[PDB]
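Asker: Supplied structure: final_34.cif, mmCIF, C-alpha atoms and all ligand atoms.
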```
data_input
loop_
_atom_site.group_PDB
_atom_site.id
_atom_site.type_symbol
_atom_site.label_atom_id
_atom_site.label_comp_id
_atom_site.auth_asym_id
_atom_site.auth_seq_id
_atom_site.Cartn_x
_atom_site.Cartn_y
_atom_site.Cartn_z
ATOM 1 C CA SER A 1 101.673 111.282 90.106
ATOM 2 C CA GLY A 2 105.405 112.034 90.289
ATOM 3 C CA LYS A 3 105.869 109.376 87.583
ATOM 4 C CA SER A 4 108.234 109.363 84.626
ATOM 5 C CA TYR A 5 107.667 106.079 82.815
ATOM 6 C CA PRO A 6 110.587 104.527 80.964
ATOM 7 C CA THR A 7 110.795 104.163 77.225
ATOM 8 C CA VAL A 8 110.235 100.622 75.980
ATOM 9 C CA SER A 9 110.635 99.398 72.396
ATOM 10 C CA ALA A 10 107.730 99.050 69.979
ATOM 11 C CA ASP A 11 108.218 95.241 70.186
ATOM 12 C CA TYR A 12 107.821 95.429 73.973
ATOM 13 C CA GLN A 13 104.616 97.451 73.539
ATOM 14 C CA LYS A 14 103.251 94.938 71.008
ATOM 15 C CA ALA A 15 103.922 92.109 73.478
ATOM 16 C CA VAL A 16 102.080 93.995 76.239
ATOM 17 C CA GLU A 17 99.023 94.342 74.011
ATOM 18 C CA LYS A 18 99.077 90.727 72.897
ATOM 19 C CA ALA A 19 99.705 89.441 76.434
ATOM 20 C CA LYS A 20 96.806 91.549 77.721
ATOM 21 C CA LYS A 21 94.423 89.752 75.346
ATOM 22 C CA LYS A 22 95.817 86.299 76.110
ATOM 23 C CA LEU A 23 95.547 87.048 79.852
ATOM 24 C CA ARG A 24 91.867 87.984 79.521
ATOM 25 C CA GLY A 25 91.049 84.648 77.886
ATOM 26 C CA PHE A 26 93.199 82.594 80.244
ATOM 27 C CA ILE A 27 92.042 84.257 83.467
ATOM 28 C CA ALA A 28 88.359 84.109 82.430
ATOM 29 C CA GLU A 29 88.623 80.430 81.416
ATOM 30 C CA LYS A 30 90.506 79.395 84.550
ATOM 31 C CA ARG A 31 88.241 81.434 86.885
ATOM 32 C CA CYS A 32 91.393 82.603 88.647
ATOM 33 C CA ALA A 33 90.923 86.406 88.551
ATOM 34 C CA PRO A 34 90.875 86.789 92.343
ATOM 35 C CA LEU A 35 94.038 84.712 92.720
ATOM 36 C CA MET A 36 95.793 86.783 90.026
ATOM 37 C CA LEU A 37 94.737 90.041 91.715
ATOM 38 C CA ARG A 38 96.158 88.692 94.988
ATOM 39 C CA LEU A 39 99.382 87.785 93.161
ATOM 40 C CA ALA A 40 99.765 91.322 91.754
ATOM 41 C CA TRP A 41 98.907 92.899 95.122
ATOM 42 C CA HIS A 42 101.348 90.707 97.127
ATOM 43 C CA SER A 43 104.027 91.461 94.499
ATOM 44 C CA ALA A 44 103.551 95.222 94.953
ATOM 45 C CA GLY A 45 102.623 95.498 98.654
ATOM 46 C CA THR A 46 106.137 94.786 99.922
ATOM 47 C CA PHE A 47 107.365 98.221 98.838
ATOM 48 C CA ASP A 48 109.068 100.293 101.515
ATOM 49 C CA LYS A 49 109.355 103.937 100.485
ATOM 50 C CA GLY A 50 112.088 104.752 103.031
ATOM 51 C CA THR A 51 114.568 102.211 101.678
ATOM 52 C CA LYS A 52 113.094 101.873 98.159
ATOM 53 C CA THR A 53 113.069 98.071 98.553
ATOM 54 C CA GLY A 54 110.475 95.478 97.576
ATOM 55 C CA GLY A 55 107.607 96.348 95.262
ATOM 56 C CA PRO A 56 106.326 94.990 91.921
ATOM 57 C CA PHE A 57 109.660 93.774 90.504
ATOM 58 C CA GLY A 58 109.055 90.120 89.702
ATOM 59 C CA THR A 59 110.487 88.758 92.939
ATOM 60 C CA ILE A 60 107.342 86.888 94.005
ATOM 61 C CA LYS A 61 108.252 84.036 91.628
ATOM 62 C CA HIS A 62 111.419 83.427 93.700
ATOM 63 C CA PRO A 63 111.104 80.315 95.923
ATOM 64 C CA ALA A 64 112.267 82.476 98.878
ATOM 65 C CA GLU A 65 109.371 84.923 98.530
ATOM 66 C CA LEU A 66 106.722 82.332 97.677
ATOM 67 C CA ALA A 67 107.664 80.670 100.960
ATOM 68 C CA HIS A 68 106.573 83.758 102.968
ATOM 69 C CA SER A 69 103.551 82.737 105.059
ATOM 70 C CA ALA A 70 101.556 85.721 103.741
ATOM 71 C CA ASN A 71 102.009 84.175 100.288
ATOM 72 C CA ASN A 72 100.493 80.765 101.103
ATOM 73 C CA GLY A 73 98.646 79.550 97.990
ATOM 74 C CA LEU A 74 100.327 81.957 95.549
ATOM 75 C CA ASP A 75 102.720 79.271 94.258
ATOM 76 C CA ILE A 76 99.636 78.039 92.324
ATOM 77 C CA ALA A 77 99.233 81.480 90.679
ATOM 78 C CA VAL A 78 102.859 81.604 89.586
ATOM 79 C CA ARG A 79 102.639 78.088 88.124
ATOM 80 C CA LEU A 80 99.356 78.870 86.289
ATOM 81 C CA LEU A 81 100.983 81.838 84.523
ATOM 82 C CA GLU A 82 104.274 80.205 83.543
ATOM 83 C CA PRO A 83 103.143 78.734 80.180
ATOM 84 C CA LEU A 84 101.583 82.042 79.061
ATOM 85 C CA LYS A 85 104.576 84.050 80.278
ATOM 86 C CA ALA A 86 106.793 81.821 78.139
ATOM 87 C CA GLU A 87 104.878 83.046 75.055
ATOM 88 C CA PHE A 88 106.092 86.581 75.871
ATOM 89 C CA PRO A 89 109.799 86.234 76.599
ATOM 90 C CA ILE A 90 110.419 89.973 76.005
ATOM 91 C CA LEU A 91 108.205 90.988 78.967
ATOM 92 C CA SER A 92 109.563 91.224 82.520
ATOM 93 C CA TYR A 93 107.885 88.962 85.074
ATOM 94 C CA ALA A 94 107.370 92.239 86.985
ATOM 95 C CA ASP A 95 105.225 93.722 84.205
ATOM 96 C CA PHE A 96 103.527 90.404 83.433
ATOM 97 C CA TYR A 97 102.252 89.934 86.988
ATOM 98 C CA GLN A 98 101.007 93.540 87.235
ATOM 99 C CA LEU A 99 99.316 93.178 83.840
ATOM 100 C CA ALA A 100 97.625 90.001 85.076
ATOM 101 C CA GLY A 101 96.325 91.974 88.093
ATOM 102 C CA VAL A 102 94.951 94.735 85.852
ATOM 103 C CA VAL A 103 93.316 92.146 83.586
ATOM 104 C CA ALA A 104 91.834 90.302 86.608
ATOM 105 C CA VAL A 105 89.977 93.489 87.601
ATOM 106 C CA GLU A 106 88.864 94.141 84.022
ATOM 107 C CA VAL A 107 87.518 90.674 83.195
ATOM 108 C CA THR A 108 85.483 90.520 86.394
ATOM 109 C CA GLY A 109 83.737 93.782 85.356
ATOM 110 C CA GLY A 110 85.907 96.292 87.215
ATOM 111 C CA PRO A 111 87.426 99.607 86.117
ATOM 112 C CA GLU A 112 90.135 99.785 83.454
ATOM 113 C CA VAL A 113 93.275 100.431 85.502
ATOM 114 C CA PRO A 114 95.911 102.285 83.450
ATOM 115 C CA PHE A 115 99.023 100.207 82.781
ATOM 116 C CA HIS A 116 102.513 101.418 81.893
ATOM 117 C CA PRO A 117 105.265 98.945 80.999
ATOM 118 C CA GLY A 118 108.933 99.003 82.036
ATOM 119 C CA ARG A 119 109.358 97.368 85.467
ATOM 120 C CA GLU A 120 112.641 95.483 85.706
ATOM 121 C CA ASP A 121 112.974 92.044 87.288
ATOM 122 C CA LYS A 122 115.092 92.578 90.394
ATOM 123 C CA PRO A 123 117.385 89.924 91.953
ATOM 124 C CA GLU A 124 116.584 90.331 95.672
ATOM 125 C CA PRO A 125 113.171 89.632 97.208
ATOM 126 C CA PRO A 126 112.311 91.945 100.106
ATOM 127 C CA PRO A 127 112.442 90.607 103.664
ATOM 128 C CA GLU A 128 109.378 88.734 104.921
ATOM 129 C CA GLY A 129 106.716 90.396 107.062
ATOM 130 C CA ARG A 130 105.699 93.567 105.209
ATOM 131 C CA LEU A 131 102.265 92.441 104.038
ATOM 132 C CA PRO A 132 99.309 93.244 106.289
ATOM 133 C CA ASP A 133 98.024 91.061 109.140
ATOM 134 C CA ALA A 134 94.295 90.291 108.799
ATOM 135 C CA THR A 135 93.861 90.175 112.598
ATOM 136 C CA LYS A 136 95.033 93.754 113.180
ATOM 137 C CA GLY A 137 93.342 97.131 112.753
ATOM 138 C CA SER A 138 93.606 100.671 111.457
ATOM 139 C CA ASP A 139 96.933 101.635 113.074
ATOM 140 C CA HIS A 140 98.469 98.566 111.444
ATOM 141 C CA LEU A 141 96.916 99.309 108.035
ATOM 142 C CA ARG A 142 98.418 102.832 108.155
ATOM 143 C CA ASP A 143 101.829 101.438 109.122
ATOM 144 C CA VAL A 144 101.798 99.099 106.122
ATOM 145 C CA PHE A 145 99.967 101.041 103.385
ATOM 146 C CA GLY A 146 100.995 104.509 104.594
ATOM 147 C CA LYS A 147 104.342 104.448 106.397
ATOM 148 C CA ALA A 148 105.811 101.668 104.209
ATOM 149 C CA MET A 149 104.080 101.758 100.807
ATOM 150 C CA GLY A 150 103.287 105.488 100.839
ATOM 151 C CA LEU A 151 99.620 105.192 99.854
ATOM 152 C CA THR A 152 96.794 107.334 101.256
ATOM 153 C CA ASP A 153 93.931 106.569 103.638
ATOM 154 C CA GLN A 154 91.596 106.728 100.629
ATOM 155 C CA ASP A 155 93.796 104.181 98.798
ATOM 156 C CA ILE A 156 93.564 101.830 101.806
ATOM 157 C CA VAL A 157 89.762 101.734 101.764
ATOM 158 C CA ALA A 158 89.481 101.547 97.968
ATOM 159 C CA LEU A 159 92.071 98.745 97.715
ATOM 160 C CA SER A 160 90.366 96.774 100.507
ATOM 161 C CA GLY A 161 87.476 96.658 98.015
ATOM 162 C CA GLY A 162 89.585 94.176 96.006
ATOM 163 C CA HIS A 163 87.958 91.664 98.378
ATOM 164 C CA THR A 164 84.823 92.175 96.257
ATOM 165 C CA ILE A 165 86.288 89.259 94.293
ATOM 166 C CA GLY A 166 87.562 85.964 95.629
ATOM 167 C CA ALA A 167 87.668 84.129 98.928
ATOM 168 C CA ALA A 168 89.870 83.005 101.781
ATOM 169 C CA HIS A 169 90.844 79.344 102.217
ATOM 170 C CA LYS A 170 91.434 77.568 105.512
ATOM 171 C CA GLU A 171 94.412 75.783 103.878
ATOM 172 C CA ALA A 172 96.031 79.080 102.840
ATOM 173 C CA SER A 173 95.487 81.919 105.334
ATOM 174 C CA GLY A 174 93.181 79.963 107.667
ATOM 175 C CA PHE A 175 90.235 82.269 107.026
ATOM 176 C CA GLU A 176 87.483 80.755 104.875
ATOM 177 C CA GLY A 177 84.920 81.909 102.358
ATOM 178 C CA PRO A 178 84.022 84.787 100.035
ATOM 179 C CA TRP A 179 83.352 88.366 101.086
ATOM 180 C CA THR A 180 80.484 88.596 98.594
ATOM 181 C CA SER A 181 77.609 86.591 97.066
ATOM 182 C CA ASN A 182 79.329 87.057 93.685
ATOM 183 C CA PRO A 183 83.075 86.409 94.149
ATOM 184 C CA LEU A 184 83.840 86.579 90.398
ATOM 185 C CA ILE A 185 82.087 89.930 89.946
ATOM 186 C CA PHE A 186 83.940 93.155 90.637
ATOM 187 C CA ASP A 187 81.531 95.677 92.161
ATOM 188 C CA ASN A 188 80.934 97.661 95.380
ATOM 189 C CA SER A 189 79.273 94.704 97.183
ATOM 190 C CA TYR A 190 82.227 94.353 99.570
ATOM 191 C CA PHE A 191 81.236 97.689 101.153
ATOM 192 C CA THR A 192 77.510 96.969 101.140
ATOM 193 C CA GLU A 193 78.159 93.635 102.944
ATOM 194 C CA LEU A 194 80.488 95.364 105.398
ATOM 195 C CA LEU A 195 77.671 97.786 106.295
ATOM 196 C CA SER A 196 74.861 95.188 106.563
ATOM 197 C CA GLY A 197 76.686 93.192 109.258
ATOM 198 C CA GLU A 198 77.708 89.526 109.388
ATOM 199 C CA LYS A 199 75.725 87.386 106.931
ATOM 200 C CA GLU A 200 76.086 83.597 107.186
ATOM 201 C CA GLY A 201 78.361 82.216 104.477
ATOM 202 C CA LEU A 202 80.194 85.524 103.981
ATOM 203 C CA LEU A 203 83.611 86.471 105.360
ATOM 204 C CA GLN A 204 84.749 89.582 107.208
ATOM 205 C CA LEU A 205 88.367 89.836 108.396
ATOM 206 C CA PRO A 206 89.207 91.940 111.455
ATOM 207 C CA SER A 207 91.131 94.169 109.005
ATOM 208 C CA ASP A 208 87.911 94.673 106.976
ATOM 209 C CA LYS A 209 85.918 95.509 110.112
ATOM 210 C CA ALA A 210 88.552 98.100 111.115
ATOM 211 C CA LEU A 211 87.386 100.247 108.200
ATOM 212 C CA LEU A 212 83.970 100.642 109.846
ATOM 213 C CA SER A 213 85.218 102.045 113.154
ATOM 214 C CA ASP A 214 87.952 104.417 111.914
ATOM 215 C CA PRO A 215 86.886 108.099 111.609
ATOM 216 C CA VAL A 216 88.601 108.520 108.210
ATOM 217 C CA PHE A 217 87.916 105.061 106.720
ATOM 218 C CA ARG A 218 84.190 104.928 107.605
ATOM 219 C CA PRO A 219 83.004 107.878 105.413
ATOM 220 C CA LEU A 220 84.894 106.227 102.518
ATOM 221 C CA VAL A 221 83.145 102.874 103.094
ATOM 222 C CA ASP A 222 79.840 104.788 103.131
ATOM 223 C CA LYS A 223 80.740 106.625 99.916
ATOM 224 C CA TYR A 224 81.689 103.425 98.073
ATOM 225 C CA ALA A 225 78.602 101.555 99.340
ATOM 226 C CA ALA A 226 76.393 104.404 98.066
ATOM 227 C CA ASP A 227 78.261 105.171 94.820
ATOM 228 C CA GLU A 228 79.895 102.360 92.790
ATOM 229 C CA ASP A 229 81.162 104.869 90.211
ATOM 230 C CA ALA A 230 83.076 106.690 92.965
ATOM 231 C CA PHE A 231 84.429 103.354 94.155
ATOM 232 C CA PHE A 232 85.603 102.403 90.659
ATOM 233 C CA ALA A 233 87.315 105.777 90.193
ATOM 234 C CA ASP A 234 89.125 105.654 93.535
ATOM 235 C CA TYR A 235 89.921 101.950 93.061
ATOM 236 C CA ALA A 236 91.490 102.508 89.605
ATOM 237 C CA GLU A 237 93.591 105.330 91.074
ATOM 238 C CA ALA A 238 94.756 103.212 94.026
ATOM 239 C CA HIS A 239 95.459 100.072 92.006
ATOM 240 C CA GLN A 240 97.516 102.050 89.496
ATOM 241 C CA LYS A 241 99.539 103.596 92.364
ATOM 242 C CA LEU A 242 100.019 100.212 94.029
ATOM 243 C CA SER A 243 101.111 98.553 90.750
ATOM 244 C CA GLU A 244 103.688 101.353 90.288
ATOM 245 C CA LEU A 245 105.213 101.588 93.777
ATOM 246 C CA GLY A 246 108.969 102.145 93.412
ATOM 247 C CA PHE A 247 108.565 102.258 89.642
ATOM 248 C CA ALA A 248 109.085 105.201 87.287
ATOM 249 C CA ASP A 249 110.635 107.226 90.115
ATOM 250 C CA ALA A 250 108.690 107.419 93.285
HETATM 251 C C1 LIG B 301 93.884 95.674 103.755
HETATM 252 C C2 LIG B 301 94.745 94.708 104.124
HETATM 253 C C3 LIG B 301 94.522 93.272 103.611
HETATM 254 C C4 LIG B 301 94.494 92.154 104.341
HETATM 255 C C5 LIG B 301 94.696 92.028 105.867
HETATM 256 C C6 LIG B 301 94.252 91.045 103.444
HETATM 257 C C7 LIG B 301 94.141 89.726 103.806
HETATM 258 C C8 LIG B 301 93.717 88.711 102.978
HETATM 259 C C9 LIG B 301 93.558 87.326 103.368
HETATM 260 C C10 LIG B 301 93.854 86.768 104.783
HETATM 261 C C11 LIG B 301 93.129 86.644 102.295
HETATM 262 C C12 LIG B 301 92.824 85.134 102.211
HETATM 263 C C13 LIG B 301 93.927 84.346 101.490
HETATM 264 C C14 LIG B 301 93.462 82.912 101.394
HETATM 265 O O1 LIG B 301 93.205 82.302 102.467
HETATM 266 O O2 LIG B 301 93.320 82.361 100.265
HETATM 267 C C15 LIG B 301 92.994 87.571 101.192
HETATM 268 C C16 LIG B 301 92.573 87.246 99.924
HETATM 269 C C17 LIG B 301 92.446 88.114 98.868
HETATM 270 N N1 LIG B 301 92.905 89.425 98.839
HETATM 271 FE FE1 LIG B 301 93.311 90.539 100.550
HETATM 272 N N2 LIG B 301 94.123 91.536 102.163
HETATM 273 C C18 LIG B 301 94.278 92.907 102.227
HETATM 274 C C19 LIG B 301 94.261 93.765 101.153
HETATM 275 C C20 LIG B 301 94.039 93.423 99.840
HETATM 276 C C21 LIG B 301 94.266 94.276 98.689
HETATM 277 C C22 LIG B 301 94.846 95.709 98.802
HETATM 278 C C23 LIG B 301 93.892 93.593 97.595
HETATM 279 C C24 LIG B 301 93.937 94.021 96.108
HETATM 280 C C25 LIG B 301 93.504 95.239 95.739
HETATM 281 C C26 LIG B 301 93.422 92.290 98.043
HETATM 282 C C27 LIG B 301 92.951 91.294 97.234
HETATM 283 C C28 LIG B 301 92.628 90.018 97.611
HETATM 284 C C29 LIG B 301 91.939 89.070 96.767
HETATM 285 C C30 LIG B 301 91.428 89.287 95.326
HETATM 286 C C31 LIG B 301 91.822 87.801 97.596
HETATM 287 C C32 LIG B 301 91.150 86.487 97.166
HETATM 288 C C33 LIG B 301 92.186 85.487 96.669
HETATM 289 C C34 LIG B 301 91.489 84.229 96.177
HETATM 290 O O3 LIG B 301 90.256 84.241 95.891
HETATM 291 O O4 LIG B 301 92.191 83.203 96.061
HETATM 292 N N3 LIG B 301 93.520 92.218 99.408
HETATM 293 N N4 LIG B 301 93.360 88.834 101.645
HETATM 294 NA NA NA B 302 81.190 91.042 94.184
#
```
Take the structure in this file and express it as structure tokens.
Answerer:
Amino acid sequence: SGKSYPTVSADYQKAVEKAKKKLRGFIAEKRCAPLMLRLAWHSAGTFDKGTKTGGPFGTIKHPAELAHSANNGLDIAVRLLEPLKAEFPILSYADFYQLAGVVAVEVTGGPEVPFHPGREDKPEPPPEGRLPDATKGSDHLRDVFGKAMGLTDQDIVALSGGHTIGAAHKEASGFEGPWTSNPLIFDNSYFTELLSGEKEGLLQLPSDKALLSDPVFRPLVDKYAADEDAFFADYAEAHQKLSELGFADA
């Protein structure tokens, strides 16, 4: 992994464990798992490996970053978490948001993504424009996930599977509707829907469709559609990597 995780105090570790439980209950009750996953992903996805800037360091709560067009509708997520965060003053926002992402996947029935504490809250949000454009294709996905974040082609396909929960909103991105018939259930249905073609009532972004036509991405879509266990394994790996971009050296 190339990771050396920092030491945190026993009190910090206790807070992580307690916050994890409180997050399960809150996220399940509020039905906001997909929104919390999006919040964690948009926090982390700004990492640029060349300059070591952006990444999961608490900056998404900053008015300046929330205002990024890619982040439309995430102000809600930040507000929803503020009362719970206030119960855990010892935790960084950085850790709290990544923990919420991990919990979002868990409570919707997804894999248990390993979590290591210690991210510091950094003062400077990254510049706008690093998050992917839903209207573009495979070259663009590699620029963003590969050239900037430093994730693999496998990670790209697995992480796209995060769309197995949630929906787009015409008031946020402009796109509208869920990718799956069960948007609060984490499973491999995203890939199965991708393969079956356009079904009325279900969403496919151009960026999703790009996975089907790329020589490297397509076999991965096929694998995940055929084998949910393989999806969960590769997803857990990718999510952990994403949640740790720029953190614990690397
Ligand atoms: C591959 C490039 C990606 C593109 C172009 C993209 C684009 C989008 C767009 C346009 C929306 C709709 C936002 C709205 O209108 O509410 C969305 C929602 C969402 N995204 Fe992605 N995304 C990508 C990757 C990811 C990744 C890597 C994850 C996490 C692993 C993720 C998780 C989600 C979730 C859970 C939602 C639903 C949010 C909700 O229900 O409110 N996406 N994405
Ligand atoms: Na689903």
Asker: Considering all atoms listed in the file, give me a table of residues in chain A that are at most 9 Å from ligand NA 302 (chain B), with the closest atom pair and distance in Å for each, as JSON lines.
Answerer:
```
{"residue": "A:108", "atom": "CA", "partner": "B:NA302", "partner_atom": "NA", "distance": 8.9}
{"residue": "A:163", "atom": "CA", "partner": "B:NA302", "partner_atom": "NA", "distance": 8.0}
{"residue": "A:164", "atom": "CA", "partner": "B:NA302", "partner_atom": "NA", "distance": 4.3}
{"residue": "A:165", "atom": "CA", "partner": "B:NA302", "partner_atom": "NA", "distance": 5.4}
{"residue": "A:166", "atom": "CA", "partner": "B:NA302", "partner_atom": "NA", "distance": 8.3}
{"residue": "A:179", "atom": "CA", "partner": "B:NA302", "partner_atom": "NA", "distance": 7.7}
{"residue": "A:180", "atom": "CA", "partner": "B:NA302", "partner_atom": "NA", "distance": 5.1}
{"residue": "A:181", "atom": "CA", "partner": "B:NA302", "partner_atom": "NA", "distance": 6.4}
{"residue": "A:182", "atom": "CA", "partner": "B:NA302", "partner_atom": "NA", "distance": 4.4}
{"residue": "A:183", "atom": "CA", "partner": "B:NA302", "partner_atom": "NA", "distance": 5.0}
{"residue": "A:184", "atom": "CA", "partner": "B:NA302", "partner_atom": "NA", "distance": 6.4}
{"residue": "A:185", "atom": "CA", "partner": "B:NA302", "partner_atom": "NA", "distance": 4.5}
{"residue": "A:186", "atom": "CA", "partner": "B:NA302", "partner_atom": "NA", "distance": 5.0}
{"residue": "A:187", "atom": "CA", "partner": "B:NA302", "partner_atom": "NA", "distance": 5.1}
{"residue": "A:188", "atom": "CA", "partner": "B:NA302", "partner_atom": "NA", "distance": 6.7}
{"residue": "A:189", "atom": "CA", "partner": "B:NA302", "partner_atom": "NA", "distance": 5.1}
{"residue": "A:190", "atom": "CA", "partner": "B:NA302", "partner_atom": "NA", "distance": 6.4}
```
Asker: Assuming the chain letters and numbering stay as they are in my file, what does the PyMOL selection byres (((not hetatm)) within 7 of (chain B and resi 301)) actually select? List them as a PyMOL selection string.
Answerer: chain A and resi 34-35+37-38+41+73+132-134+141+156+159-163+165-176+207-208+239
Asker: What does the file look like for those residues with C-alpha atoms, as a PDB file, keeping the file's coordinate frame?
Answerer:
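What landed in result-v2.pdb:
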```pdb
ATOM      1  CA  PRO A  34      90.875  86.789  92.343  1.00  0.00           C
ATOM      2  CA  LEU A  35      94.038  84.712  92.720  1.00  0.00           C
ATOM      3  CA  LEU A  37      94.737  90.041  91.715  1.00  0.00           C
ATOM      4  CA  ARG A  38      96.158  88.692  94.988  1.00  0.00           C
ATOM      5  CA  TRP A  41      98.907  92.899  95.122  1.00  0.00           C
ATOM      6  CA  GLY A  73      98.646  79.550  97.990  1.00  0.00           C
ATOM      7  CA  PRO A 132      99.309  93.244 106.289  1.00  0.00           C
ATOM      8  CA  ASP A 133      98.024  91.061 109.140  1.00  0.00           C
ATOM      9  CA  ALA A 134      94.295  90.291 108.799  1.00  0.00           C
ATOM     10  CA  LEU A 141      96.916  99.309 108.035  1.00  0.00           C
ATOM     11  CA  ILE A 156      93.564 101.830 101.806  1.00  0.00           C
ATOM     12  CA  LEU A 159      92.071  98.745  97.715  1.00  0.00           C
ATOM     13  CA  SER A 160      90.366  96.774 100.507  1.00  0.00           C
ATOM     14  CA  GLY A 161      87.476  96.658  98.015  1.00  0.00           C
ATOM     15  CA  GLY A 162      89.585  94.176  96.006  1.00  0.00           C
ATOM     16  CA  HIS A 163      87.958  91.664  98.378  1.00  0.00           C
ATOM     17  CA  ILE A 165      86.288  89.259  94.293  1.00  0.00           C
ATOM     18  CA  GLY A 166      87.562  85.964  95.629  1.00  0.00           C
ATOM     19  CA  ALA A 167      87.668  84.129  98.928  1.00  0.00           C
ATOM     20  CA  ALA A 168      89.870  83.005 101.781  1.00  0.00           C
ATOM     21  CA  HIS A 169      90.844  79.344 102.217  1.00  0.00           C
ATOM     22  CA  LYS A 170      91.434  77.568 105.512  1.00  0.00           C
ATOM     23  CA  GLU A 171      94.412  75.783 103.878  1.00  0.00           C
ATOM     24  CA  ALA A 172      96.031  79.080 102.840  1.00  0.00           C
ATOM     25  CA  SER A 173      95.487  81.919 105.334  1.00  0.00           C
ATOM     26  CA  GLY A 174      93.181  79.963 107.667  1.00  0.00           C
ATOM     27  CA  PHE A 175      90.235  82.269 107.026  1.00  0.00           C
ATOM     28  CA  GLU A 176      87.483  80.755 104.875  1.00  0.00           C
ATOM     29  CA  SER A 207      91.131  94.169 109.005  1.00  0.00           C
ATOM     30  CA  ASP A 208      87.911  94.673 106.976  1.00  0.00           C
ATOM     31  CA  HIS A 239      95.459 100.072  92.006  1.00  0.00           C
TER      32      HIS A 239
END
```
Asker: Can you tell me how far atom CA of residue 57 of chain A sits from atom CA of residue 40 of chain A, in Å to one decimal?
Answerer: 10.3 Å
Asker: Counting all atoms listed in the file, which residues have an atom no more than 9 Å from (110.7, 93.5, 95.4) in the file's coordinates? Please list them as a PDB file with C-alpha atoms, keeping the file's coordinate frame.
Answerer:
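Below is the file that was written, out.pdb:
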```
ATOM      1  CA  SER A  43     104.027  91.461  94.499  1.00  0.00           C
ATOM      2  CA  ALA A  44     103.551  95.222  94.953  1.00  0.00           C
ATOM      3  CA  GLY A  45     102.623  95.498  98.654  1.00  0.00           C
ATOM      4  CA  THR A  46     106.137  94.786  99.922  1.00  0.00           C
ATOM      5  CA  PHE A  47     107.365  98.221  98.838  1.00  0.00           C
ATOM      6  CA  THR A  53     113.069  98.071  98.553  1.00  0.00           C
ATOM      7  CA  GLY A  54     110.475  95.478  97.576  1.00  0.00           C
ATOM      8  CA  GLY A  55     107.607  96.348  95.262  1.00  0.00           C
ATOM      9  CA  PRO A  56     106.326  94.990  91.921  1.00  0.00           C
ATOM     10  CA  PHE A  57     109.660  93.774  90.504  1.00  0.00           C
ATOM     11  CA  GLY A  58     109.055  90.120  89.702  1.00  0.00           C
ATOM     12  CA  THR A  59     110.487  88.758  92.939  1.00  0.00           C
ATOM     13  CA  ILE A  60     107.342  86.888  94.005  1.00  0.00           C
ATOM     14  CA  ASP A 121     112.974  92.044  87.288  1.00  0.00           C
ATOM     15  CA  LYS A 122     115.092  92.578  90.394  1.00  0.00           C
ATOM     16  CA  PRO A 123     117.385  89.924  91.953  1.00  0.00           C
ATOM     17  CA  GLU A 124     116.584  90.331  95.672  1.00  0.00           C
ATOM     18  CA  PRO A 125     113.171  89.632  97.208  1.00  0.00           C
ATOM     19  CA  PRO A 126     112.311  91.945 100.106  1.00  0.00           C
ATOM     20  CA  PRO A 127     112.442  90.607 103.664  1.00  0.00           C
TER      21      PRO A 127
END
```
Asker: Once the PyMOL selection byres (((chain A and resi 52) around 10) and not hetatm) has been applied to the shown file, what residues remain in the selection, as a PyMOL selection string?
Answerer: chain A and resi 47-51+53-55+148-149+245-247+249-250
Asker: Quick one: distance from atom CA of residue 214 of chain A to atom CA of residue 229 of chain A in Å, one decimal?
Answerer: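 Going from atom CA of residue 214 of chain A over to atom CA of residue 229 of chain A covers 22.7 Å.
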Asker: One number please: atom CA of residue 110 of chain A to atom CA of residue 233 of chain A, in Å, one decimal.
Answerer: 10.0 Å
Asker: Of the residues A:99, A:202, A:74, A:157, which is the one nearest to residue 22 of chain A, using all atoms listed in the file?
Answerer: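 Smallest separation from residue 22 of chain A among the options: A:99.
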Asker: Please define a box with edges along x, y and z of the file around all atoms of segment 66-70 of chain A given in the file, extend it by 5 Å on each side, and return its centre and edge lengths in Å to one decimal, as lines of an AutoDock Vina configuration file.
Answerer:
```
center_x = 104.6
center_y = 83.2
center_z = 101.4
size_x = 16.1
size_y = 15.1
size_z = 17.4
```
Asker: On this structure, which residues satisfy the PyMOL selection byres (((chain A and resi 8-17) around 8) and not hetatm), written as a PDB file with C-alpha atoms, in the coordinates of the input?
Answerer:
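Written output follows (out23.pdb):
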```pdb
ATOM      1  CA  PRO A   6     110.587 104.527  80.964  1.00  0.00           C
ATOM      2  CA  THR A   7     110.795 104.163  77.225  1.00  0.00           C
ATOM      3  CA  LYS A  18      99.077  90.727  72.897  1.00  0.00           C
ATOM      4  CA  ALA A  19      99.705  89.441  76.434  1.00  0.00           C
ATOM      5  CA  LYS A  20      96.806  91.549  77.721  1.00  0.00           C
ATOM      6  CA  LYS A  21      94.423  89.752  75.346  1.00  0.00           C
ATOM      7  CA  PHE A  88     106.092  86.581  75.871  1.00  0.00           C
ATOM      8  CA  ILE A  90     110.419  89.973  76.005  1.00  0.00           C
ATOM      9  CA  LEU A  91     108.205  90.988  78.967  1.00  0.00           C
ATOM     10  CA  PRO A 117     105.265  98.945  80.999  1.00  0.00           C
ATOM     11  CA  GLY A 118     108.933  99.003  82.036  1.00  0.00           C
TER      12      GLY A 118
END
```
Asker: Between A:26, A:5, A:97, A:235, which has the minimum distance to residue 155 of chain A (counting all atoms listed in the file)?
Answerer: A:235
Asker: With 10 Å as the threshold, what does the neighbourhood of (90.9, 84.5, 84.7) contain in terms of residues, counting all atoms listed in the file? Coordinates are those of the file; answer as a PyMOL selection string.
Answerer: chain A and resi 23-37+100-101+103-108+184
Asker: For residue 222 of chain A, which residue out of A:195, A:94, A:203, A:39 is the nearest one, using all atoms listed in the file?
Answerer: A:195
Asker: Compare A:223, A:129, A:113, A:200 by their minimum atom-to-atom distance to residue 237 of chain A, counting only C-alpha atoms, and give me the closest one.
Answerer: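 Ranking A:223, A:129, A:113, A:200 by distance to residue 237 of chain A, first place goes to A:113.
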